[PDB]
Amino acid sequence: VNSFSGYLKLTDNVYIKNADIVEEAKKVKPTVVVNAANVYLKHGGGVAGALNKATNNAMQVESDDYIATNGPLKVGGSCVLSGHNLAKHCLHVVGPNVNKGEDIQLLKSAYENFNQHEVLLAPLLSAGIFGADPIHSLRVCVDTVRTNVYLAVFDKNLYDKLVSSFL
Ligand SMILES: OC1([C@H]2CCCN2c2ncnc3[nH]ccc23)Cc2ccccc2C1
């Protein structure tokens, strides 16, 4: 039993809700919140810009030190950093950005990072400003993630389309 509330249950291990991931994170304080990161951990917009703003830029400060030490992530890769005031940990996961010409096939590799954590709050990877089809992202999520994932979909209209079209 966990403290996630109001989710529609899609599968044995995947749940979905219309919610602002920032506001959800502050309520539940999950062990792991997933950020929709880029390889440089530059948290400018989308989910990343919103999560960083909620940390008063502390996420960005920590991220800049991470990159200075380690260099960029791989597309499809991830790193675990602090969750600051939002969660215990933040799993920064890089899904391919279609608006950069990155291979959509890397989306499965990106979701595989979720399997290293028993429970996560997460957005649909590569959706929104990353340019991929959210219905496809949800399908890859369901077919790749085996751990317990609570998916927050910010757009109410998109949420209904995702639910109504789910196979
Ligand atoms: O869910 C979506 C993702 C990607 C963009 C932002 N976004 C958020 N999700 C959850 N919480 C959030 N808080 C702040 C932002 C945000 C997925 C998606 C895909 C296409 C179009 C709109 C959207 C909303």
# chains A, B, ... in the order shown; residues from 1 in each chain; ligands from 1
$ residues_near_ligand --ligand "ligand 1" --cutoff "7 Å" --atoms "only C-alpha atoms and all ligand atoms" --output "ChimeraX atom specification"
/A:19-22,46-47,50,123-124,127-129,134,152-155,158
$ write_last_selection --atoms "C-alpha atoms" --output "mmCIF file, in the first residue's frame"
data_model
loop_
_atom_site.group_PDB
_atom_site.id
_atom_site.type_symbol
_atom_site.label_atom_id
_atom_site.label_comp_id
_atom_site.auth_asym_id
_atom_site.auth_seq_id
_atom_site.Cartn_x
_atom_site.Cartn_y
_atom_site.Cartn_z
ATOM 1 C CA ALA A 19 -2.146 15.763 -12.616
ATOM 2 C CA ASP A 20 0.596 18.366 -12.445
ATOM 3 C CA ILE A 21 3.649 16.301 -11.501
ATOM 4 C CA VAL A 22 4.963 19.218 -9.428
ATOM 5 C CA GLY A 46 8.456 21.239 -19.957
ATOM 6 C CA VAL A 47 8.505 18.914 -16.971
ATOM 7 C CA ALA A 50 8.693 23.062 -13.883
ATOM 8 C CA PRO A 123 5.804 11.687 -16.811
ATOM 9 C CA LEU A 124 5.415 10.112 -20.223
ATOM 10 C CA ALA A 127 6.026 13.478 -24.822
ATOM 11 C CA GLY A 128 5.205 17.174 -24.668
ATOM 12 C CA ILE A 129 7.998 19.374 -25.997
ATOM 13 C CA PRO A 134 2.122 10.305 -26.176
ATOM 14 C CA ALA A 152 1.114 12.064 -14.212
ATOM 15 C CA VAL A 153 -0.373 13.551 -17.395
ATOM 16 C CA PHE A 154 -0.593 17.342 -17.123
ATOM 17 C CA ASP A 155 -3.022 17.969 -19.984
ATOM 18 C CA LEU A 158 -4.541 14.403 -23.434
#
$ residues_around --residues "residue 130 in chain A" --least-positions-apart "5" --cutoff "8 Å" --atoms "only C-alpha atoms" --output "list in words"
residues 95, 96, 97, 98 and 99 of chain A
$ closest_residue --among "A:137, A:31, A:78, A:56" --to "residue 105 in chain A" --atoms "only C-alpha atoms"
A:137
$ select_by_dssp --residues "range 21-130 of chain A" --states "strand (DSSP E or B)" --output "PyMOL selection string"
chain A and resi 32-36+78-82+89-93+119-122
$ residues_around --residues "residue 12 in chain A" --least-positions-apart "3" --cutoff "9 Å" --atoms "only C-alpha atoms" --output "list in words"
residues 9, 15, 146 and 148 of chain A
$ atom_distance --atom1 "CA of residue 115 in chain A" --atom2 "CA of residue 91 in chain A"
11.4 Å
$ atom_distance --atom1 "CA of residue 90 in chain A" --atom2 "CA of residue 34 in chain A"
5.6 Å
$ atom_distance --atom1 "CA of residue 81 in chain A" --atom2 "CA of residue 109 in chain A"
19.3 Å
$ residues_around --residues "residue 72 in chain A" --least-positions-apart "6" --cutoff "12 Å" --atoms "only C-alpha atoms" --output "JSON, numbers by chain"
{"A": [37, 38, 39, 40, 41, 42, 63, 64, 65, 66, 78, 79, 92, 93, 94]}
$ write_last_selection --atoms "N, CA, C and O atoms" --output "compact mmCIF listing (two decimals), in the first residue's frame"
# COMPACT_ATOMS: atom_id res chain seq x y z
N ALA A 37 14.51 14.74 -18.60
CA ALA A 37 15.74 15.49 -18.72
C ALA A 37 16.26 15.49 -20.15
O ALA A 37 15.86 14.67 -20.99
N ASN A 38 17.20 16.39 -20.42
CA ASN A 38 18.07 16.32 -21.59
C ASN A 38 19.49 15.96 -21.14
O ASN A 38 19.79 15.91 -19.95
N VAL A 39 20.36 15.66 -22.12
CA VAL A 39 21.68 15.13 -21.80
C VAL A 39 22.53 16.10 -21.01
O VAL A 39 23.47 15.68 -20.32
N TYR A 40 22.25 17.40 -21.11
CA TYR A 40 23.01 18.43 -20.41
C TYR A 40 22.42 18.78 -19.05
O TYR A 40 22.97 19.65 -18.36
N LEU A 41 21.31 18.15 -18.68
CA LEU A 41 20.57 18.49 -17.47
C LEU A 41 20.30 19.99 -17.38
O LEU A 41 20.39 20.60 -16.31
N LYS A 42 19.94 20.59 -18.52
CA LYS A 42 19.51 21.98 -18.57
C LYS A 42 17.99 21.99 -18.47
O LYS A 42 17.29 21.65 -19.42
N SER A 63 22.64 19.89 -10.70
CA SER A 63 22.85 19.30 -12.02
C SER A 63 24.09 19.85 -12.70
O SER A 63 24.83 19.11 -13.36
N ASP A 64 24.35 21.16 -12.55
CA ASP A 64 25.53 21.74 -13.18
C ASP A 64 26.81 21.15 -12.60
O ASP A 64 27.77 20.90 -13.33
N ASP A 65 26.83 20.91 -11.29
CA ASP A 65 27.98 20.24 -10.70
C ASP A 65 28.11 18.80 -11.21
O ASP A 65 29.22 18.33 -11.48
N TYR A 66 26.98 18.09 -11.35
CA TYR A 66 27.02 16.73 -11.89
C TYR A 66 27.65 16.71 -13.28
O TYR A 66 28.51 15.86 -13.57
N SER A 78 20.28 7.79 -17.79
CA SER A 78 19.72 8.41 -16.60
C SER A 78 20.81 8.62 -15.56
O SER A 78 21.89 8.03 -15.62
N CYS A 79 20.48 9.44 -14.56
CA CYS A 79 21.27 9.51 -13.34
C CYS A 79 20.32 9.79 -12.18
O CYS A 79 19.24 10.36 -12.36
N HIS A 92 16.71 11.43 -13.26
CA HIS A 92 16.73 12.22 -14.50
C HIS A 92 16.90 11.24 -15.65
O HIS A 92 17.93 10.57 -15.74
N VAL A 93 15.89 11.14 -16.51
CA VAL A 93 15.88 10.18 -17.62
C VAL A 93 15.79 10.95 -18.92
O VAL A 93 14.92 11.82 -19.07
N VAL A 94 16.65 10.61 -19.88
CA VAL A 94 16.69 11.27 -21.17
C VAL A 94 15.98 10.40 -22.21
O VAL A 94 16.53 9.40 -22.67
